[PDB]
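Chains as they are written, first to last, in the authors' numbering: chain 1, 52 to 101; chain 2, 7 to 136. Cβ coordinates follow ideal geometry from the N, Cα and C atoms, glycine included.
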Amino acid sequence: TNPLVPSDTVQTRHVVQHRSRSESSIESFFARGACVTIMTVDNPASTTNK
Amino acid sequence: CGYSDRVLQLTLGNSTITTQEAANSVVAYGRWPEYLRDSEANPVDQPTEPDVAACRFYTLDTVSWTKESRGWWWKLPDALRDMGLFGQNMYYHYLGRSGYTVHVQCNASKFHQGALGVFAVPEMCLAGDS
């Protein structure tokens, strides 16, 4: 993949960059509790045949 | 030597304003206009800076004050959209920033009365008719 940046093909000004890739780190991408299943249980009356 | 709060000369590009009856001048929020600093910059492309071709005194249409007059308003940069090379630069680029020197002119005579409040409002959102 050609590693170009804007200054390679256009006239650019000087910008002091402040943005970061903190939230797209592998930890950050997966750092959330996700629902993987719903289990169903019960507690019926002593009498019920099932 | 003679110098005074009331007597000023302003010069920008090919234009000069003189006044013999000023009440000093205001710099909004104490901040003089400035170009965008690299530490606060955001679009990465080389900016267009028109300098003297656009940063000069454009005079808009004269209005008339009468006993019936309730008030007048303008928005910036909108009022300057059709003004010389400023307007042209504005409409050819997606982004633009600009500061302004606003000079309101209204003379009369020692026997007239009245007072105009001139207000510069940041984000002057107005109410609609509905």
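Please compile the residues from chain 1 whose C-beta is within a distance smaller than 8 Å of the C-beta of residue i.
| i | result |
| --- | --- |
| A47 (chain 2) | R64, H65, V66, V67 |
Going along chain 1, which residues have a C-beta under 9 Å from residue i?
| i | result |
| --- | --- |
| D51 (chain 2) | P57, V61, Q62, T63, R64 |
What does DSSP give as the partner residues of residue i in its beta bridges?
| i | result |
| --- | --- |
| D51 (chain 2) | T63 (chain 1) |
| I23 (chain 2) | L16 (chain 2) |
Beta-carbon within less than 7 Å of residue i's beta-carbon, same chain only, minus the 5 sequence neighbours each way: which residues are those?
| i | result |
| --- | --- |
| residue 139 (chain 2) | Missing from the structure shown is residue 139 (chain 2); chain 2 here goes from 7 to 136 and no further. |
| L86 (chain 2) | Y64, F92, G93 |
| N30 (chain 2) | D11 |
| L66 (chain 2) | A85 |
What does residue i reach in chain 1 if we use C-beta pairs closer than 7 Å?
| i | result |
| --- | --- |
| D44 (chain 2) | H65, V66, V67 |
I'd like the list of long-range same chain contacts for residue i, defined as Cβ closer than 8 Å, with 5 residues on each side in sequence excluded.
| i | result |
| --- | --- |
| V33 (chain 2) | none |
Near residue i, what residues of its chain come up, given a Cβ to Cβ distance below 6 Å and the 5 sequence neighbours on each side ignored?
| i | result |
| --- | --- |
| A133 (chain 2) | none |
Under 8 Å: do the region 50-59 of chain 2 and the region 90-103 of chain 2 share three or more Cβ pairs, one atom per stretch? A contact between stretches requires three or more CB pairs, one per stretch, nearer than 8 Å, and the region 50-59 of chain 2 meets this requirement with the region 90-103 of chain 2.
Go through the region 30-117 of chain 2 residue by residue and report every complete run of the alpha helix (DSSP H) that reaches 4 residues or more, in order. If only uninterrupted alpha helix (DSSP H) runs of at least 4 residues are considered, those enclosed by the region 30-117 of chain 2 are 90-98.
How do the region 74-88 of chain 2 and the region 27-45 of chain 2 stand: do at least 3 beta-carbon pairs fall below 8 Å, yes or no? The region 27-45 of chain 2 and the region 74-88 of chain 2 do not touch, with fewer than three beta-carbon pairs separated by less than 8 Å.
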